[PDB]
Amino acid sequence: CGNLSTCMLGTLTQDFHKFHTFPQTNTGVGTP
């Protein structure tokens with residue numbers, strides 16, 4: 001990170017990483 005908008009883009013990329021591998025992912029980011 002380095003500024004707010006970059007942390008929000010990073011959190012969006014983590015959120016996409018979550019939703020890419022799995023649907024229920026909010027309990028297990030790389031897990032079924």
# chains A, B, ... in the order shown; residues from 1 in each chain; ligands from 1

call {"tool": "residues_around", "arguments": {"residues": "segment 15-18 of chain A", "least_positions_apart": "4", "cutoff": "7 Å", "atoms": "only C-alpha atoms", "output": "MDAnalysis selection string"}}
result
chainID A and resid 11 22 25 29:30

call {"tool": "atom_distance", "arguments": {"atom1": "atom CA of residue 14 of chain A", "atom2": "atom CA of residue 31 of chain A"}}
result
14.3 Å

call {"tool": "select_by_dssp", "arguments": {"residues": "chain A", "states": "helix (DSSP H, G or I)", "output": "ChimeraX atom specification"}}
result
/A:4-21,25-27

call {"tool": "write_last_selection", "arguments": {"atoms": "C-alpha atoms", "output": "PDB file, in the first residue's frame"}}
result
ATOM      1  CA  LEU A   4      -6.144   5.140   0.764  1.00  0.00           C
ATOM      2  CA  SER A   5      -7.139   4.489  -2.889  1.00  0.00           C
ATOM      3  CA  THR A   6      -4.270   1.950  -3.281  1.00  0.00           C
ATOM      4  CA  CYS A   7      -5.371   0.152  -0.060  1.00  0.00           C
ATOM      5  CA  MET A   8      -8.987   0.099  -1.454  1.00  0.00           C
ATOM      6  CA  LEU A   9      -7.710  -1.272  -4.831  1.00  0.00           C
ATOM      7  CA  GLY A  10      -5.634  -3.844  -2.872  1.00  0.00           C
ATOM      8  CA  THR A  11      -8.703  -4.833  -0.767  1.00  0.00           C
ATOM      9  CA  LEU A  12     -10.730  -5.090  -4.033  1.00  0.00           C
ATOM     10  CA  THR A  13      -7.943  -7.368  -5.460  1.00  0.00           C
ATOM     11  CA  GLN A  14      -8.037  -9.520  -2.251  1.00  0.00           C
ATOM     12  CA  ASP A  15     -11.852  -9.607  -2.554  1.00  0.00           C
ATOM     13  CA  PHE A  16     -11.534 -10.755  -6.192  1.00  0.00           C
ATOM     14  CA  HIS A  17      -8.847 -13.342  -5.102  1.00  0.00           C
ATOM     15  CA  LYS A  18     -11.405 -14.657  -2.571  1.00  0.00           C
ATOM     16  CA  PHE A  19     -14.341 -14.795  -5.040  1.00  0.00           C
ATOM     17  CA  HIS A  20     -12.157 -16.266  -7.849  1.00  0.00           C
ATOM     18  CA  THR A  21     -11.166 -19.490  -6.040  1.00  0.00           C
ATOM     19  CA  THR A  25     -14.639 -17.801   0.591  1.00  0.00           C
ATOM     20  CA  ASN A  26     -15.327 -15.071   3.259  1.00  0.00           C
ATOM     21  CA  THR A  27     -14.773 -17.891   5.894  1.00  0.00           C
TER      22      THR A  27
END

call {"tool": "decode", "arguments": {"residues": "segment 10-21 of chain A", "atoms": "N, CA, C and O atoms", "output": "short mmCIF file (atom, residue, chain, number, x, y, z; two decimals), in the first residue's frame"}}
result
data_model
loop_
_atom_site.label_atom_id
_atom_site.label_comp_id
_atom_site.auth_asym_id
_atom_site.auth_seq_id
_atom_site.Cartn_x
_atom_site.Cartn_y
_atom_site.Cartn_z
N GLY A 10 -6.23 -2.64 -3.44
CA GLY A 10 -5.63 -3.84 -2.87
C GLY A 10 -6.68 -4.72 -2.20
O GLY A 10 -6.73 -5.92 -2.45
N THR A 11 -7.59 -4.12 -1.42
CA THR A 11 -8.70 -4.83 -0.77
C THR A 11 -9.68 -5.38 -1.80
O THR A 11 -10.11 -6.52 -1.69
N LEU A 12 -9.97 -4.62 -2.86
CA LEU A 12 -10.73 -5.09 -4.03
C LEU A 12 -10.05 -6.28 -4.73
O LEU A 12 -10.72 -7.24 -5.11
N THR A 13 -8.72 -6.27 -4.85
CA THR A 13 -7.94 -7.37 -5.46
C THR A 13 -7.95 -8.61 -4.57
O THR A 13 -8.09 -9.73 -5.07
N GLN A 14 -7.87 -8.44 -3.25
CA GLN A 14 -8.04 -9.52 -2.25
C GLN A 14 -9.45 -10.11 -2.27
O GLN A 14 -9.64 -11.32 -2.14
N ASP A 15 -10.44 -9.24 -2.47
CA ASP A 15 -11.85 -9.61 -2.55
C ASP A 15 -12.13 -10.41 -3.83
O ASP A 15 -12.79 -11.45 -3.79
N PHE A 16 -11.54 -9.99 -4.95
CA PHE A 16 -11.53 -10.76 -6.19
C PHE A 16 -10.74 -12.07 -6.09
O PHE A 16 -11.20 -13.08 -6.61
N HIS A 17 -9.61 -12.11 -5.38
CA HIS A 17 -8.85 -13.34 -5.10
C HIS A 17 -9.73 -14.36 -4.37
O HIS A 17 -9.83 -15.51 -4.79
N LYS A 18 -10.42 -13.88 -3.33
CA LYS A 18 -11.40 -14.66 -2.57
C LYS A 18 -12.47 -15.25 -3.50
O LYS A 18 -12.61 -16.47 -3.56
N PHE A 19 -13.19 -14.40 -4.22
CA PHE A 19 -14.34 -14.80 -5.04
C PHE A 19 -13.96 -15.58 -6.30
O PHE A 19 -14.80 -16.26 -6.89
N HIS A 20 -12.69 -15.51 -6.72
CA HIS A 20 -12.16 -16.27 -7.85
C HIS A 20 -12.02 -17.75 -7.53
O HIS A 20 -12.45 -18.60 -8.32
N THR A 21 -11.42 -18.08 -6.39
CA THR A 21 -11.17 -19.49 -6.04
C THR A 21 -12.41 -20.20 -5.50
O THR A 21 -12.56 -21.40 -5.74
#
